[PDB]
Amino acid sequence: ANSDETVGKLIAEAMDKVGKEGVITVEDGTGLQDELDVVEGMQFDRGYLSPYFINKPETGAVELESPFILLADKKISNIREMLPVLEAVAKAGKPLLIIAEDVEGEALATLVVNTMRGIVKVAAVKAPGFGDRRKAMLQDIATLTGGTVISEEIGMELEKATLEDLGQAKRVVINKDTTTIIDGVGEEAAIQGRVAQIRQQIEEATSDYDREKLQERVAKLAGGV
Amino acid sequence: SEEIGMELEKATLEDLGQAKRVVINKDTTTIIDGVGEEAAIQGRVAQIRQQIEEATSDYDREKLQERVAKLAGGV
Amino acid sequence: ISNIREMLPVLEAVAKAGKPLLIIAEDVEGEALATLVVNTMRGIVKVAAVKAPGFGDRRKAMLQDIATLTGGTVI
Amino acid sequence: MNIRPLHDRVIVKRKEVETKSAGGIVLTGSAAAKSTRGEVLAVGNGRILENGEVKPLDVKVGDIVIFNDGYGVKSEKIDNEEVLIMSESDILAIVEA
Amino acid sequence: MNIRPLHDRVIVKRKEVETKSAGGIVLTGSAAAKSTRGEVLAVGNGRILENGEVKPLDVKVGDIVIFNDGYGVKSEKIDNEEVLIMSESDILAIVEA
Amino acid sequence: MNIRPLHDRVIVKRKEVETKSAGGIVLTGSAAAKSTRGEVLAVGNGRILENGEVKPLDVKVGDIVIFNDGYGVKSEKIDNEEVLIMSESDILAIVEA
């Protein structure tokens, strides 16, 4: 950096925090001074679909305490498929995050009135990514929270999922732009296994792009961003 | 809001707002002194006041402080 | 291929034979491909699906090559 | 004033549009659907068909009924209350017990 | 509470949507189809047609039946369970033996 | 287990899809057509229509029949074998001699 001690120090600092398999990106800052952000644990670029669900108006963000996590591969539109599962969670007390391909229609709508009343505490946020990348990434989340991806593709109905298939977390933070899972159950051995597998997916990455996204995901699942 | 599971038909006098007076012409509507729970006004103001704090641009800054003026001081 | 239907008679004979099965068709999609997954995902049968080598009139010529090398009949 | 249905026709009143209870505790918000249950308010003498005799209806005044809401059914206003006029042919069952 | 079908109408419950067994051992995953088999839960007195007398139905409470799932059939919710309302005309056979 | 058709309905099984013999020696390969011939496996008591009495069916268990394959006919699976359910109205003739 042409003898800029501050750049050196900031890089050094970043490298130290995100680890060896962590990503570091540079972008325009707001003010005059350089600034380093380190995102802890896993977080993807996803805002709540229902803004009328913010349970902390101070930050303008959703903060679900020790919740269940529903991973839906297919997009949701009907409250129907939820009822069997939505029910098991309601009679369990714990809140529920839902990361589907999408949530719209009267499904999204009714979910609002279900928390607006105090029947269940339930969040809805789009799936991270697009196309064949999404399902790959949605699985990452399953691993970190010990849940099963309900994939309509591989002969599975959303309706026939039980508490069994749900992921779990210590806490969840969702605002208008990003969702963050804080410390998921995550079978320790199954994390680093799914990491050492994606780690080798970069090894045989036949370009630069199928190299980038991969080591991004590893950072979300291993160190930091 | 028909969005959040509500029918217009099932609203009662309960849900209606109230004002001291209202002035409407061909271009503008004006509510003069609404009931407005004092504490709920400045609370809803201090909340929109912080929405400008985390306004990620200049436009989501403009309209916000416009609204605060309509709810707090004057224009 | 698109339907599991046409498979069942054959898929069955292989299932009760123990040996796995590769399928080289023109294509495999729909619920055919989908169900085949859950059939190996469980341990009912071990079955692979891969497109045919080539395109147009070259494909059938080449697909026959495979038949010869493995002693099979092109359906 | 009340109503007197004309033989074979039955006068009923509808019930709760997706009562928020189904699935258990979940308050299933209205999914853009209706209800098929209803209370029988009035009964006509009975179908006159086939000339010879006039057969009574198998639903009495005050029954709770599941019906098929199709074309046969009509909507009317009595004393400013929502009421339905369909024939027994459209009534499928009675909820008892 | 249970249901009382209105003469000629039969109240049944559906069975397993493409039970993974057909073809032998193969677990034929759902091909976007339904089932036509069902259990008879309630029976109406019987068809009243042609005035003179009221003929009983040939299906008893508790029969296993193959039906034709067409327009005649309707979907209802009793105690939060999926039930079907069709007339005997739509019931084709009984599975016994 | 076998099947018990519900009065008027007849349970049959289809025959050979364009048996390669027609025209004489020529093995007429499948031209995208079906067969109308079939074996009667089960019979219902008989049509009940017009109240008074219940008339038997003119086809016995085991007949060879030409039918009209239209809407009336339905497809079912018994012990994993292809069977057809139509009414006598759809059976046109019997092949004998």
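With respect to the conditions (1) in contact with a strand residue (DSSP E or B) (Cβ under 9 Å, 6 or more places away or on another chain); (2) of a type outside the set (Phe, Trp, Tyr); (3) surrounded by fewer than 19 Cβ atoms within 10 Å (Cβ to Cβ), A:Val120 falls short on a single one, namely (3).
Give the residues of segment D:18-52 that are over 18 Å from A:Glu106 (Cα atoms) and in contact with a strand residue (DSSP E or B) (Cβ under 9 Å, 6 or more places away or on another chain), sorted by residue number. Within segment D:18-52, D:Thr36, D:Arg37, D:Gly38, D:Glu39, D:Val40, D:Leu41, D:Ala42, D:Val43, D:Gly44, D:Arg47 qualify.
Is it the case, given these coordinates, that F:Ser21 is farther than 30 Å from E:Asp63 by Cβ, in contact with an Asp or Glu (Cβ under 6 Å, 6 or more places away or on another chain) and not acidic (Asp, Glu)? Taking the combined requirement at face value, the residue does not satisfy it.
Can you find a residue in segment E:27-37 that is over 30 Å from C:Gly30 (Cβ atoms) and touching a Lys or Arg at 6+ places or on another chain (Cβ under 7 Å)? Within segment E:27-37, not a single residue is over 30 Å from C:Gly30 (Cβ atoms) and touching a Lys or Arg at 6+ places or on another chain (Cβ under 7 Å). Scanning segment F:79-90 for residues that are farther than 19 Å from E:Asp90 by Cα and either in contact with a strand residue (DSSP E or B) (Cβ under 8 Å, 6 or more places away or on another chain) or free of Cβ contacts under 8 Å to residues at least 24 places away in the same chain (or both) returns F:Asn80, F:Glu81, F:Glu82.
Tell me, please, whether a residue that is within 17 Å of the chain's Cα centre (by Cα) and of a type in the set (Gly, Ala, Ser) can be found in segment A:74-97. No, that holds for no residue. For segment A:144-169, a residue qualifies if it is assigned to a helix (DSSP H, G or I), crowded, with 22+ Cβ neighbours inside 10 Å and not hydrophobic (A, V, I, L, M, F, W, C), and exactly one does: A:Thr145. Restricting segment C:25-73 to residues that are β-branched (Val, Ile, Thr) and either touching a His at 6+ places or on another chain (Cβ under 9 Å) or surrounded by fewer than 11 Cβ atoms within 10 Å (Cβ to Cβ) (or both) leaves a set whose member that is nearest to E:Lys20 (Cα to Cα) is C:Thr73. Do any residues in segment E:2-16 that are closer than 24 Å to F:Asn51 by Cβ and in contact (Cβ under 8 Å) with a residue 60 or more places away in the chain have Cβ atoms under 9 Å from those of residues that are hydroxyl-bearing (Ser, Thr, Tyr) and not in a strand (DSSP E or B), where the two are at least six apart or on different chains, and which pairs are they? Cβ pairs passing all conditions: E:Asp8/E:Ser89. Of all residues in segment A:202-223, those that are crowded, with 16+ Cβ neighbours inside 10 Å and free of Cβ contacts under 8 Å to residues at least 60 places away in the same chain total 2. Taken over segment A:6-36, residues that are touching a residue at least 40 places away in the same chain (Cβ under 8 Å) and assigned to a helix (DSSP H, G or I) amount to 2. Checked against (1) surrounded by fewer than 21 Cβ atoms within 10 Å (Cβ to Cβ); (2) assigned to a helix (DSSP H, G or I), A:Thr180 meets all criteria but (2).
Readers should treat all values here as calculations from the given coordinates under stated rules, not as data from a laboratory. Using ideal geometry, Cβ is built from the backbone for each residue, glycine included, and neighbour counts are taken over all protein chains shown.
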